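Next come the chains, spelled out residue by residue.
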Amino acid sequence: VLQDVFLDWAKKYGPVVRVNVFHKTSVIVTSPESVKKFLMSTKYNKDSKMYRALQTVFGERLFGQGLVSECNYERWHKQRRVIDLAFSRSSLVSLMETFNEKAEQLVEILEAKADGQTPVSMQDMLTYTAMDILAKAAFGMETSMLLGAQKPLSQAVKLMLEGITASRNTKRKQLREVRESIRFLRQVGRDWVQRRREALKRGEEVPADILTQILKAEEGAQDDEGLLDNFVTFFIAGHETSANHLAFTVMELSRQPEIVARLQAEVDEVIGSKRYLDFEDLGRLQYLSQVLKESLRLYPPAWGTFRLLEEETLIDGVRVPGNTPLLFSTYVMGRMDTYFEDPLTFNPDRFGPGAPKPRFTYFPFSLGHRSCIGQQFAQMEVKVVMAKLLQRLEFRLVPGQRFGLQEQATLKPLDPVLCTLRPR
Ligand code: HEM
Ligand SMILES: C[C@@H](c1ncncc1F)[C@](O)(Cn1cncn1)c1ccc(F)cc1F
């Protein structure tokens, strides 16, 4: 795991280490005093050199200049202020119905296979769930991958992400398969953009969401190319890392029996046997919130971020040249024994009440102005999904499944989290 190499270099060579990342030179910064300085200021912005390859993948345009890949502060800020409207409190409150429908459906499908003998890929099951949640909450479209639909669309998503893995971490049938998949995603975008425009044209009123603001941001634009970039941006970002985070948690909780019981007890305490989980109930799931926090310390699907150091400056006694990308890693900091006592132990108590919150040593959703706009969206959906699983099902991991990480397009479980299921 490439990130695990950076960890050893940070522990051995100090808080300022020059590295090769995605065949580019960068400097890894691991002091929490330096994490604050660069991530908490508008002065420092993203380095276009590191995000450049994701904008266009294998000669085919992918993320473009969307909310993530746009490194120029001005172009990013204009669209951020518009897209922000889709992530308001009441905007996310209106998405609670969506979070609930999909979690409930996921559980029943798993409940029908719960015999304690039938292997079920939890990585796939959670991916479909995360995909269904996003497609509706963001675009008002149902993909129903959980019900076995949209098989070609999911394949394309997989291949695209493998194409990402081959692009930044460096045979012909794959190249052919990837190029088609990126077109497919953008073609779906065009179709879903046309469905909303036809709905608006025919007089219909549509509920405010993510799609509404990414259309609003590109108002008076010559073409829909920027809108597709933002469509791709959210289709991927709004399901992928949430799917991996869920998969990591389920995998780890298979070997944490004591933790599962208090999770169940809480689930029994606040949500009981109730089918629909309300918004006010989410904030009462404090221990679940803690367990998910620890899961993100050891297994952040997005390991960190890149800032551009424009002028040669001294960081922690080490002088770094200008035009250099600064690498920041919450994965690395999460596993260093100088920030976290006994780093490799899954201990949810780390984030308990009265316990000092990590000070610039833990940033799964990043920090500052370029932090995750979908943080609350994700935290809401993963509480809802996990709470329902804890209500209804007990999981036993299939013998032979490992507990490792694969550094792919994001960080995700090595094995697809195969489990035999049984009712609680
Ligand atoms: C466990 C869940 C997730 C994690 C850990 C995660 C991780 C992150 C991190 C670390 C960043 C910074 C990226 C960078 O600086 O290169 C980010 C930004 C982003 N996230 Fe998330 N995220 C998740 C959930 C979401 C979801 C559900 C959405 C979509 C609804 C979302 C959409 C975005 C977008 C569009 C950006 C760019 C924001 C901006 O720079 O203005 N993510 N994510
Ligand atoms: C994790 C990461 C990612 N996902 C899929 N392929 C490549 C990636 F880098 C992501 O940050 C998305 N993401 C953010 N919050 C949740 N998910 C991202 C970053 C830059 C980008 F140009 C596109 C992009 F999708």
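Rules used in this analysis
Residues numbered from 1 in each chain as written, not as in the entry; some residues may be left out. Chains lettered and ligands numbered in written order. Heavy atoms only, no water. Near = heavy atom within 4 Å. Polar contact = N/O pair within 3.5 Å; in protein donor to acceptor, adjacent residues only side chain to side chain. Helix = DSSP H or I, 4+ residues; strand = E, 2+ residues; numbered from the N terminus. Nonpolar A, V, L, I, M, F, W, Y, C, P; charged D, E, K, R; others polar. Donors = N, O, S within 2.8 Å, 3.2 Å for Na, K, Ca; no water. Tetrahedral: all angles 85-135°; square planar, octahedral: opposite > 155°, others 65-115°. Axes fitted to C-alpha atoms, helices over the stretch in contact; angles between N-to-C directions. Parallel < 35°, antiparallel > 145°, perpendicular 65-115°, else oblique. Left-handed = near helix turned anticlockwise from the far one by under 90°. Contact = heavy atoms within 4.5 Å. Buried < 20%, exposed > 50% of the residue type's maximum accessible area, 1.4 Å probe, protein only. Pairing = 2+ DSSP bridges. 1 Å grid on protein atoms, 1.4 Å probe; cavity = no way out; pocket = protein on both sides within 12 Å on 5 of 7 lines; lining within 4 Å. Points joined across faces, edges and corners; volume = space filled by probe spheres on them.

As documented in the archive entry, the model was determined using X-ray crystallography at 2.300 Å resolution.

Caption draft 1: View of the site of ligand 1. By nearness alone, 27 residues border ligand 1, and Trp76, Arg80, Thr305, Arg370 and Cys372 come closest of all. In this structure, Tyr51 approaches ligand 1 through a side-chain N or O atom, which is 3.0 Å from an oxygen atom. Between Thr305 and ligand 1, the recorded distance is 2.9 Å, taken from a side-chain N or O atom to an oxygen atom. Looking at the shell around ligand 1, the elements that each hand over two or more residues are helix 4 (73-83), helix 11 (225-237), helix 12 (240-252) and helix 17 (375-392). Within the shell around ligand 1, the residues separate by chemical class into 14 nonpolar, 9 polar and 4 charged.

Caption draft 2: Highlighting the coordination of the iron atom of ligand 1. What the protein offers the iron atom of ligand 1 as a donor is a single atom, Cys372 (SG), at 2.4 Å. Its 6 donor atoms give the iron atom of ligand 1 angles of 72 to 176° at the centre, a pattern that matches the octahedral case. The residue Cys372 is located in the loop between helix 16 (330-334) and helix 17 in this model.

Caption draft 3: Summary view of the packing of helix 7 (residues 122-139) against helix 17. At their nearest, the axes of helix 7 and helix 17 sit 12 Å apart, and the two run at 130° to each other. On the basis of the axis angle, helix 7 is oblique to helix 17. Considering the relative orientation of helix 7 and helix 17, their crossing is right-handed. Residues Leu126, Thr129, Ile133, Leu134 and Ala137 of helix 7 form the contact with helix 17, whose participating residues are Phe377, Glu381 and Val385.

Caption draft 4: Representation of unusual backbone geometry within the structure. The phi torsion at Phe22 lies on the positive side, around 45°, for a residue other than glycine. By relative accessible area, which is 7% here, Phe22 ends up buried. Here the phi dihedral of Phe58 falls at roughly 50°; this positive angle occurs in a residue that is not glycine. Among the residues examined, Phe58 registers a relative accessible area of 23% and is labelled partly exposed.

Caption draft 5: Main features of the sheet that holds strand 13 (residues 418-423). Spatial ordering of the open sheet is given by 5-13-10, a layout of 3 strands whose pairing is antiparallel. Two strands close off the open sheet at either side, each with one partner strand: strand 5 (120-121) and strand 10 (393-397). Sheet topology places strand 5 next to strand 13; 2 bridges connect them, and they run antiparallel. Each bridged residue has a counterpart across the sheet, and for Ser121 the counterpart in strand 13 is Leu418.

Caption draft 6: Local environment of the layout of surface pockets. Estimated volume of the largest pocket: approximately 730 Å³. For the lining of the largest pocket, the secondary-structure elements that each account for two or more residues are helix 5 (89-93), helix 14 (279-282), helix 15 (286-298) and helix 17. Element by element, the count of residues in the lining of the largest pocket is highest for helix 17, at 6 residues. Among the residues forming the lining of the largest pocket, the class breakdown is 17 nonpolar, 11 polar and 4 charged. Among the elements that line the lining of the second largest pocket, the one with the most residues is helix 8 (residues 151-168), at 7 residues. The class makeup of the residues in the lining of the second largest pocket is 8 nonpolar, 9 polar and 5 charged.

Caption draft 7: Summary view of the site of ligand 2. The full set of residues close to ligand 2 is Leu54, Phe63, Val68, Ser69, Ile236, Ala237, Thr241, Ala302, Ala409 and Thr410. Looking at side-chain class alone, the shell around ligand 2 contains 7 nonpolar, 3 polar and no charged residues.

Caption draft 8: View of the packing of helix 12 against helix 17. Packing of helix 12 against helix 17 leaves a shortest axis separation of 11 Å and a crossing angle of 35°. For helix 12 against helix 17, the interelement crossing comes out right-handed. From helix 12, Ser242, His245, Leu246, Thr249 and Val250 reach across to helix 17, where they touch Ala378, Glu381, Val382, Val385, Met386 and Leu389.

Caption draft 9: Spatial organisation of the environment of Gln376. Note on placement: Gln376 falls in helix 17. When the C-alpha atoms of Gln376 and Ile210 are compared, they prove to be 14 Å apart, with 166 residues separating the residues in sequence.

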